[PDB]
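Chains as they are written, first to last, in this note's numbering: chain U, 37 to 362; chain H, 37 to 362; chain L, 37 to 362; chain A, 37 to 362; chain V, 37 to 362.
The beta-carbon is built from N, C-alpha and C at its ideal position, and this holds for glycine as well.
Here the structure comes first, spelled out in structure tokens, and everything after it is commentary.
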Amino acid sequence: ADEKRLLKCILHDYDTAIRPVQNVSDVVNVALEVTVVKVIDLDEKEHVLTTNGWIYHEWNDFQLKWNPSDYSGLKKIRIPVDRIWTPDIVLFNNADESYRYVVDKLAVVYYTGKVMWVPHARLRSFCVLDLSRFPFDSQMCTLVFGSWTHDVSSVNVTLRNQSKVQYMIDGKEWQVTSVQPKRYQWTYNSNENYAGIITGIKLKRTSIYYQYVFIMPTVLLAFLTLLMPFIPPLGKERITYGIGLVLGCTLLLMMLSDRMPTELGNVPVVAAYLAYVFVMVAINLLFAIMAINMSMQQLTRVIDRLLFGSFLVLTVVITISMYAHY
Amino acid sequence: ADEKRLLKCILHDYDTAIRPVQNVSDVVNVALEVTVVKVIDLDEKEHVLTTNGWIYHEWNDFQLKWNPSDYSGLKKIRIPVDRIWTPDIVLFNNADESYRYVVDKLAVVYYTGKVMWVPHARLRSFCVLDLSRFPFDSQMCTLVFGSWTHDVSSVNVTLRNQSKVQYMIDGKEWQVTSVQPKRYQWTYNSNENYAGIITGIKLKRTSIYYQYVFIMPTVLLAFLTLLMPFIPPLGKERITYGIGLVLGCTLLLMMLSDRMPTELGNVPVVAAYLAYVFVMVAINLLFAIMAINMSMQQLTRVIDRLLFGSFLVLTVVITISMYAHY
Amino acid sequence: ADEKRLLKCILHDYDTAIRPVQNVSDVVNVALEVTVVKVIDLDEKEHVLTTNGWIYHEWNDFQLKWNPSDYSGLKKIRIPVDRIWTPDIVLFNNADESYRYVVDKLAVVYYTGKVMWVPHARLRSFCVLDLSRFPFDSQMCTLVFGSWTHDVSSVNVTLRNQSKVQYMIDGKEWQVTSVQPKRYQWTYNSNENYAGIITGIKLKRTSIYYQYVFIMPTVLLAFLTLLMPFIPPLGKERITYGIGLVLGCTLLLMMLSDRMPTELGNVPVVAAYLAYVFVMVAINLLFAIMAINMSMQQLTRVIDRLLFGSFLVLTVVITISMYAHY
Amino acid sequence: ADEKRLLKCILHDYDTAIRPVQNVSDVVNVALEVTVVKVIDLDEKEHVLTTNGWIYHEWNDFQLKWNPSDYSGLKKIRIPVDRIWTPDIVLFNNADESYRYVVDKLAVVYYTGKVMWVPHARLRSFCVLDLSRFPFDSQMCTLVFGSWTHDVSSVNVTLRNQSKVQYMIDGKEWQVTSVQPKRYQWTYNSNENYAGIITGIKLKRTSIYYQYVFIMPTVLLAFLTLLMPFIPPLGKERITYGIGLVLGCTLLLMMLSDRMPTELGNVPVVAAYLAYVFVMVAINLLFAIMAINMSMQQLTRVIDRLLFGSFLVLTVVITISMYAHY
Amino acid sequence: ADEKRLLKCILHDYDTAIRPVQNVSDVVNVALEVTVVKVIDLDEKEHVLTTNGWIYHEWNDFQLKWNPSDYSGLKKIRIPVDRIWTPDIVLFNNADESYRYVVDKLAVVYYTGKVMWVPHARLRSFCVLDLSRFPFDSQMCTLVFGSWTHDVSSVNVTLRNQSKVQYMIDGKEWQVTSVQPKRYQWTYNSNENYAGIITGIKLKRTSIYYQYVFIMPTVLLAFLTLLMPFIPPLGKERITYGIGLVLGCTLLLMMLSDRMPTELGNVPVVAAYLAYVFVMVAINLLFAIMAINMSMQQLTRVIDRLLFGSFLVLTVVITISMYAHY
Ligand SMILES: *[C@@H]1O[C@H](CO)[C@@H](O)[C@H](O)[C@H]1NC(C)=O
Ligand SMILES: *[C@@H]1O[C@H](CO)[C@@H](O)[C@H](O)[C@H]1NC(C)=O
Ligand SMILES: *[C@@H]1O[C@H](CO)[C@@H](O)[C@H](O)[C@H]1NC(C)=O
Ligand SMILES: *[C@@H]1O[C@H](CO)[C@@H](O)[C@H](O)[C@H]1NC(C)=O
Ligand SMILES: *[C@@H]1O[C@H](CO)[C@@H](O)[C@H](O)[C@H]1NC(C)=O
């Protein structure tokens, strides 16, 4: 067949390690575009972002050149990348042992020498996230692609400006929206430059899981702690009520500590609210113990009334602040 | 032997990367049928479906052509796929790093050129599931198979209409039933088309695990919360009973939050019932605290009677609604 | 040396994909015997059985044939399986991504053409288990070995009847005993037959872990629930005692739900006993609340006496039934 | 260079599968010595021992023979094992899917034909452990190395008696000391013998983790249970104290069951002590309930005094026995 | 092209296993420098340090030698390491099964024969850590690189003194600072020396996670235990308050035991503080039980006053000591 003829012709002496430049003072312009098809997860416990997508490679191999008229058309031809040269472009913030692709067995080569690859992949990428508004947090995770072997004088990583589009994924957790990728240049020993593309995706947590697990038991334990100072001290049920709030808030803290990551810069607002509720139970237990201590003078109810007034107004302020965060 | 003769004959110049078309404007029709032998698990915590089954490949390789009379019969012959051409057909929603097969070492080739492969595999597939009726939920998970390298003008993925059958698996968890697969066409840059088969399987959770773990302690804690307002307030056991319900419902919430996934769109009905029970304990604690607060006028029992009446009728309505869900 | 001479002689034109039959209407009889050396674990949470053992292959390769007198003896010779033909026999219920062996680098070939392989392996096998008597359960897990590529007309999987022996392993968990393997024939599209061996091993759980963790706290919480109705109602300690049983039985339920698998057909007897204890605490709390409700007529002790009598006799019946299960 | 000359000379016709014997009735003596550099962990939950060390291979390859005077010295030469013959010696109790080495890329070959390998490795080995003295337990785990392909008539596994040394590792968990390795011979079908070395290492748990987590809360809950019968029954705080001990001992039991393995032969002494404390709380709750039951004759304090006396003397006996275990 | 000419010239007879020395009594000086770009995690539960960085190899291959004037410049050339010799330098304390690189597909070779490699990698390294000041602990973890095959007489591992720089990473967990690497020489059978570089990095935990999870509930439970002896004994709420502290401190202990590793040498200060709080609750429960025991002479308040005085002054001493640790 004619498809075997050009394949045996233009791969008769091809070496997969030779950089395809006609002159020694020349580079190859490798065009990249990462496109996410599905954001799988954002594991903040280990600061990884698991995602699925395809990275569009496009370079210009001048050694694979022919005219279609000698082969009766056939502009497109498909070669595995194990027999042609490929640029070593990997993630700059890879979060696993080795970088592997889902499909990497074919690459489209045109008659003008330009080569497309498009290997689909599952990318685990490190991305910095600040949990100062957990779980009502808007995020931004970056994927950095580039060459760690070839410098700028060997290859040139270029974004494609012909498709300056933006896309969105309406996940049930994250309302993922994309940011226009840019090129940022990393140096090496202040002489050699190692270029690379950077692509941000702006995650936005729209969750009903973390609200139901963390927001509503914390505000209801706050409600019970506010209901506590109407209990009269001379029956001996206020102290066991307070220690029940202590145990329930300890269980809620253990929930939160199981879910909140170690890799933490600032305290989340749900954690600060839970700490406020926990120390509020402590202060109310102090007031109950003092009240029953001098109950053995009996004009205690105005102290509990002003304590409920202060805790009511400050709890309304704190809850309104957390609602303004949401 | 004669089996070596045709193998050395029709693989004397075979290239595994050449697409087997006689004309350049021709495609190869690859027939697919996925068949599940056992659905292993549906991990909704990570939205994956682990299953075991074999995917039936069938294409037409015109380069492997011979007559049996020159080889004294032997219509069937078995070649490993590492020496012949195979289509790059993978899952469109694969949920692991790389796509691998359990057995992929043989493929049946006939004298008419048609090639069967049948590689058995363990497929981890992403599938969307809405847990609005957990755990009495009927589901539907899809397996999408197709080529991410060859377009429609190179290969053509075709369902086989000769076997339009349906099957079922009677698992102890899922009553798995199958749906007639169809073909859905995915586009690429609005010019190149990338076809593929889609196969739905309709899962149905028939579980006694999640009922015993979640349904019966929630309804029994509801029963205890309904029994609560018959306790007289002037003994100081109602408040510790209410905080015991608070701690028990917190433990049940921690059970549920351990089992309910983060990847959540809507709240499950067991979660809504547990939240209703938890806020019912909150309202009953408010009423008990108010009652013992003005116990220091003594006609409290009619308020507790009407409170039990309202909680009884609304609890019967909610439990009847959850039973109508089941 | 003479060992290289026959190796270069009878592998001078050997193809590893040719099925070794002299006539086209002939099969090769591959003799199998799986032998377990150690049953590692039975993970019922994922329905897998991890085991270690060697599978004894034995077939008849007529292409490796020589007389010892031309090579001065040397009946035994050892060839890696990468250079000779091997049958593609795998597990029919494999529970991992790919089937791999611990040692697969040598195979013994005799002068009569018969070939032994014996690759040792760690097998993860799916096996159906019914937990209707957890944890006093006698089990049976099956290992099915066969070819998914070669049919009956290509290879023939045969058990060896020369060694019809039975063995046993005295593990600290499982008293593992073996069952005589048999041959069961699986069909494919009702025309092609795909044979295979099946080997059952009869596990028997003899555990002191699950007894100490689950049986004794459940029966002691039953003992405390039986001790509950001797508490007089007019002191207000019966209700907090009952809610303490509620919280303790909730903790025990959370233990059991952590250990009991999701993949569940029937409720275990320890789970049914725990549910019975939990609803017994519910009924006793109902009776205590009613008693203290009409304590505000004072002839309550006969009701508690008959309640203890009914709960005593039915608890003795249930505990005797669970002991008869053991 | 001269280093390439002998490498091309004595590997000009080398086959990596030929067993290096001049006569057919001859074996090769492969000398083994495993040396542990660091014991990583002893996971008793899965009965594995993770360790790091190098296994010293030494055999006599008569096919790699030369005199140094023809190559101007160069007695030592270094060949990768992929081009020379190596004996297939693996662990007899391997605890992973496949046996792999950390470094296996070089092997030292001398001019006398003797070959050293020394591949460093991370070994996961099954070893039997009896937890009858957890966590004050002295242990012994074995590493068995041998050939599962070559029998005694092919290779001969030999310990080296020139280095009959013993070593020790002072870990913060295990005071690891080594035992002089010996040779134990395993049979196969009572005709073929499969030899192998066995090496015991005597672990000794010197832990402050398991003491602080398990020993001190159990003995302090024992202390609280002993303090319980001084509470007078006519205040209704003894029953809630006893149910608080029930809940605390249930939490401690859940700690222990999370840490104690399923793979259990005998109950640990900490588990027996916790069960004794738990049933002691049960007996004390029975005595408190009986006392408050006939409190409605008032000479109860001598019964509580003799009960404290019996529980004191038997608790001192049990604690002295557990201290004598330590 | 000219780039293929020298590649075919100086690799026309290259063997990848020959050590590149002109004389037999010569070594190759391999220059190493590990550089960390990001410290991923320090898992003290398994004593591993996961990090990302590149290790700078530099050796002198005299077999790859040419002048640029015969090839019109081109001093730099890039060869994959699979076709040239590379030194077998691995981690001496590797914490996984096999040592693999993220990128290892290229290596820069100059016209003077010196070869750079720079493979980026994710290193899991064992490092000793003493948790005597958890979580306010300054740490030091070491990475040891060297050859386990080539001795000092074959290769020579050398640090590069031209870059004696120090760097720092401002993580949200660890304020990572680097230490000047040195060379330490390991012996083998007291005759052969096996050199290697060692590089320390000085970690410093600056966390708000472990403080909020462990420090504040322990000090607040200490605060509640200090508030306990103002409760009058003749109401029967002191004992249930003490058992509530017992249950809350048990939950906090279970938090800590879940987070504190088994691999423990000394008790952490948070663990010692929690044990002190737990035994303080025990002593206060003893004093409350004694007080209510002889309440049935009534001058008890001075004993509780001196007990609060002693517990106040010793708690201030302990908390001031833990603050001086911080
Ligand atoms: C790489 O391509 C960009 C595209 O604009 C260009 O600006 C830059 O100079 C190029 N780098 C080179 C030629 O080294
Ligand atoms: C692929 O096969 C289907 C089968 O009906 C056909 O409808 C479709 O046109 C084919 N696609 C081509 C030929 O591009
Ligand atoms: C396979 O071997 C068994 C052994 O008895 C025999 O019964 C069966 O007929 C054989 N199958 C064939 C020859 O297809
Ligand atoms: C293997 O070596 C040991 C070393 O003493 C020897 O006793 C034994 O007989 C040898 N086995 C043979 C030669 O089969
Ligand atoms: C290795 O290099 C160091 C660098 O100073 C040198 O001191 C040492 O002697 C060398 N080792 C040899 C030549 O064996």
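Quiz item: Skipping 5 residues on each side, what residues in its chain have a beta carbon closer than 8 Å to that of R196(H)?
Solution: Excluding five sequence positions before and after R196(H), the CB atoms of its chain that fall closer than 8 Å to its own CB belong to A67, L68, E69, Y92, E94, given in chain order.
Quiz item: CB-CB under 7 Å to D166(A), same chain, minus the five flanking residues each way: which ones, in chain order?
Solution: The beta carbon of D166(A) lies closer than 7 Å to those of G301, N302 in the same chain, with the five residues before and after it left out.
Self-check item: According to DSSP, residues forming a beta bridge with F181(H)
Solution: BP columns for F181(H) point to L127(H), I233(H).
Exercise. Determine the DSSP secondary structure at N329(U), reduced to helix, strand or coil.
Key: The DSSP-derived three-state label of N329(U) is helix.
Quiz item: Which residue comes first and which comes last in the alpha helix (DSSP H) that contains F162(L)?
Solution: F162(L) -> not in any alpha helix (DSSP H); beta strand (DSSP E) instead, spanning 156-162.
Quiz prompt | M204(U), enclosing beta strand (DSSP E) - first and last residue | solution = Per DSSP, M204(U) belongs to the beta strand (DSSP E) from 204-206.
Quiz item: Would you say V154(U) touches ligand 5, meaning its beta carbon is less than 7 Å from a heavy atom?
Solution: No - ligand 5 has no heavy atom lying nearer than 7 Å to the Cβ of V154(U).
Quiz item: Does the distance from the CB of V313(H) to the CB of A258(H) come in under 8 Å?
Solution: Yes.
Quiz item: So, does the CB of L292(U) fall closer than 8 Å to a CB anywhere in chain H?
Solution: Output row for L292(U): interface = no.
Quiz item: Quick one: Cα of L289(U) to Cα of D294(A), how far?
Solution: Cα-Cα distance, rounded: 20 Å.
Practice problem: Could you say which of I279(U), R169(U), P269(U), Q247(U) lies nearest to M332(U) if we only look at CA atoms? | Solution: Nearest in C-alpha terms to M332(U), of all of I279(U), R169(U), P269(U), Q247(U), is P269(U).
Self-check item: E228(L) to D132(L) span [Cα, whole Å]
Solution: Roughly 27 Å between the two C-alpha positions.
Practice problem: Check the Cβ-Cβ distances between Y135(V) and every residue of chain U, and say whether any is below 8 Å. | Solution: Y135(V) does not count as touching chain U.
Exercise. Could you tell me whether any non-hydrogen atom of ligand 1 is closer than 7 Å to the CB of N65(U)?
Key: Yes - ligand 1 has a heavy atom lying nearer than 7 Å to the Cβ of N65(U).
Quiz item: Are the Cβ atoms of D97(H) and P155(H) separated by less than 8 Å?
Solution: Going by C-beta atoms, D97(H) is not nearer than 8 Å to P155(H).
Quiz item: Span of the alpha helix (DSSP H) holding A360(L)?
Solution: Taken as a continuous stretch (DSSP letters only), the alpha helix (DSSP H) holding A360(L) covers 337-361.
Practice problem: Report yes or no: is there a C-beta of chain A within less than 8 Å of the C-beta of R114(L)? | Solution: By this cut-off, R114(L) is an interface position.
Practice problem: Report buried or exposed for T351(H), applying the criterion of at least 16 other Cβ atoms within 10 angstroms of its Cβ. | Solution: Per the 10 Å Cβ criterion, buried.
Practice problem: Taking 8 Å as the cut-off, decide whether the C-beta atoms of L310(L) and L292(L) are in contact. | Solution: The beta carbons of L310(L) and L292(L) sit closer together than 8 Å.
Quiz item: Can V188(A) be considered in contact with ligand 4, in the sense that its beta carbon sits closer than 7 Å to one or more heavy atoms?
Solution: Closer than 7 Å to some heavy atom of ligand 4: that describes the Cβ of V188(A).
Self-check item: Classification of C285(A) by the beta-carbon crowding that lies within 10 angstroms, buried from 16 upward
Solution: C285(A) counts as buried, since at least 16 other C-beta atoms from the protein chains shown sit within 10 angstroms of its C-beta.
Exercise. Work out the CA separation of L321(U) and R337(L) for me, nearest whole Å.
Key: The alpha-carbon of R337(L) is positioned some 38 Å away from that of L321(U).
Quiz prompt | Top-ranked residue by Cα proximity to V84(U), from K150(U), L43(U), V60(U), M176(U) | solution = Taking each of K150(U), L43(U), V60(U), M176(U) in turn and checking the Cα distance to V84(U), the smallest one comes out for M176(U).
Practice problem: Measuring only between beta-carbons, confirm whether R158(A) sits less than 8 Å from chain V. | Solution: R158(A) has a beta carbon lying within less than 8 Å of a beta carbon in chain V.
Exercise. Using a cut-off of 7 Å between C-beta atoms, extract the partners of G284(H) located in chain L.
Key: Think of a sphere of 7 Å around the beta carbon of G284(H): the chain L residues whose beta carbon falls inside it are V282, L283, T286, in chain order.
Self-check item: N- and C-terminal bounds of the alpha helix (DSSP H) containing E39(U)
Solution: Taken as a continuous stretch (DSSP letters only), the alpha helix (DSSP H) holding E39(U) covers 38-46.
Practice problem: Mind listing the chain A neighbours of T276(L)? Cutoff is C-beta to C-beta under 8 Å, in chain order. | Solution: Those are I275, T276, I279, listed as they occur along chain A.
Quiz prompt | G232(A), buried or exposed, once every other Cβ within 10 Å from all chains shown has been counted against 16 | solution = Counting C-beta atoms within 10 angstroms of its own C-beta, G232(A) has 16 or more neighbours from the protein chains shown and is therefore classed as buried.
Quiz prompt | Contact residues within the segment 253-267 of chain A, judged by C-beta distance below 9 Å to chain V | solution = Hits within the stretch, in order: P253, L256, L257, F259, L260, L263, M264, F266, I267.
Practice problem: Within the same chain, show all residues whose beta-carbon is closer than 7 Å to that of residue 371(A), passing over the 5 residues directly before and after it, in chain order. | Solution: No information on residue 371(A) is available, as it lies outside the stretch 37 to 362 that chain A covers here.
Practice problem: Measure the beta-carbon distance from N65(U) to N192(U) and round it to whole angstroms, keeping in mind my assumption that it falls under 8 Å. | Solution: That pair is a contact at about 5 Å.
Quiz item: Taking the alpha-carbon positions, what's the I319(A) to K272(L) distance?
Solution: CA-to-CA, the gap between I319(A) and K272(L) works out to about 22 Å.
Quiz item: Candidates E80(A), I125(A), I76(A): which alpha carbon is nearest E80(V)'s?
Solution: Relative to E80(V), the option among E80(A), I125(A), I76(A) whose CA is nearest is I76(A).
Exercise. Round the Cβ separation of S161(A) and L179(A) to the nearest angstrom and send it over; I've been treating them as touching at under 8 Å.
Key: The C-beta distance from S161(A) to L179(A) rounds to 5 Å, short enough to fall under 8 Å.
Quiz item: In chain order, what residues of the segment 179-195 of chain V put their CB closer than 8 Å to some CB of chain A?
Solution: Hits within the stretch, in order: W184, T185, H186, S190.
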